[PDB]
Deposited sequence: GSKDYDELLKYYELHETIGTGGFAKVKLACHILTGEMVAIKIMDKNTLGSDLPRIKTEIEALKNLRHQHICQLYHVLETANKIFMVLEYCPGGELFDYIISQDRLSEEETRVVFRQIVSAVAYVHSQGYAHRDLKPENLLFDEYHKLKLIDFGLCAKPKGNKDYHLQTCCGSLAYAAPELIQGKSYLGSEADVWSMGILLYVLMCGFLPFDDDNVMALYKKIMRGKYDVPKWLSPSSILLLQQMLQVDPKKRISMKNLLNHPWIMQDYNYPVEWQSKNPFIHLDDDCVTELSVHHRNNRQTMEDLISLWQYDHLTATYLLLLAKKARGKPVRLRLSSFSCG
């Protein structure tokens, strides 16, 4: 009887509704061809348009093993549907509060996935501008994926010039706020009034607790430079000693999930399902229109790395 869930329910089986906040709620669901669990961000357009499409059109052109992958895309008459990677681990935010502060070791593993994500985003020419621990999840395998692109509670991680409206280096500051929140358990510049914080952010003076490594403070000092030209570049960030402390080899920000290389095993299987020549489907898949076929393929080689047999229904 669903009037708007026509197309969706033809390709997915609905499950437990999550995310309820009027503006958007995410319901997990099962891709029936692949039997693979997905999350679907449901938004009606009665409660904006461009900010969302700026996120979706970004996500259309970025693929990376630490960005929450976007599959099919669907727009109803008064609704919009986005299916994305399954991220049951939850926010890194709650993961922070789970165990008070985070060890330098544990903070190092989380953070290097973050830089590899953000360093790849910058290669393609985008900046996320809104980096908060509420915007990065854990997949089924404790890998980290970033969401809520949108811009391409959110002021504390904002760079000084981002409040000045005066360009990728705003994230290097945001990641510096992240790391401080990671190893400790609190923010560099927070307080109850927004007026006082603007002052503290432009002032750039923040405390430094007991437990922090002499290697950390250096890195944060290079990251929390109100001078964006004196802020540390992404190039030096990928080779930095704190980042190469134990885990000792360059941050592999190179996307291992490509727009260019189509896995044969998945495309051979996909062609027998549609009754096409394999060469015919390969070019068709490379369109990446983010309709059903793209969802089927990208959850098929995902099913492959999952270890499952590469089958449909």
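- Annotation: deposited residues 48-50, 156-170, 185-187, 335-341 are not represented by C-alpha coordinates in the model.
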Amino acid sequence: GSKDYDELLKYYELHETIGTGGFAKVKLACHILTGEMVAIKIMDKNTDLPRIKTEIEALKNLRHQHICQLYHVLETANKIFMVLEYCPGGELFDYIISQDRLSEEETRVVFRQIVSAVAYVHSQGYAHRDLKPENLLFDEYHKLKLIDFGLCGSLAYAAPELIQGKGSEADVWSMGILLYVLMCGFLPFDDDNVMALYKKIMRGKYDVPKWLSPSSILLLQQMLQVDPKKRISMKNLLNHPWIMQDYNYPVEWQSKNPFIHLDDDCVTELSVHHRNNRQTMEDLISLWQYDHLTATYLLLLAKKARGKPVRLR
From here on, numbers count along this sequence of modelled residues.
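The term rigid core refers to the maximal set of C-alpha atoms that superpose within 1.5 Å between the two forms.
- When the other structures are laid on the shown form by the core, the C-alphas of 171-179 and 137-145 differ in how far they drift in 6 other deposited structures of this protein; the larger average drift belongs to 137-145.
- For the pair 76-84 and 182-190, rigid core superposition yields a higher RMS C-alpha distance in 6 other deposited structures of this protein in 76-84.
- When the other compared entries with both flanking residues are checked, residue 23 is unmodelled in at least a third.
- Coverage remark for residue 48: absent from the model in at least one third of the other entries compared whose chains are built on both sides.
- Checked against the record, the higher mean CA B factor of 247-255 and 62-70 lies with 247-255.
- The question of which stretch, 14-22 or 292-300, has the higher mean Cα B factor is settled in favour of 14-22.
- Among the modelled residues of the chain, residue 160 sits in the highest third by CA temperature factor in this PDB entry.
- Per the PDB record, residue ranking by Cα B-factor puts residue 148 in the middle third of the chain.
- When the modelled residues of the chain are ordered by C-alpha B-factor, residue 229 sits in the middle third.
- Remark: residue 99 belongs to the highest third of its chain, ranked by C-alpha B-factor as recorded.
- Split the chain's modelled residues into thirds by C-alpha temperature factor. Residue 108 is in the lowest one.
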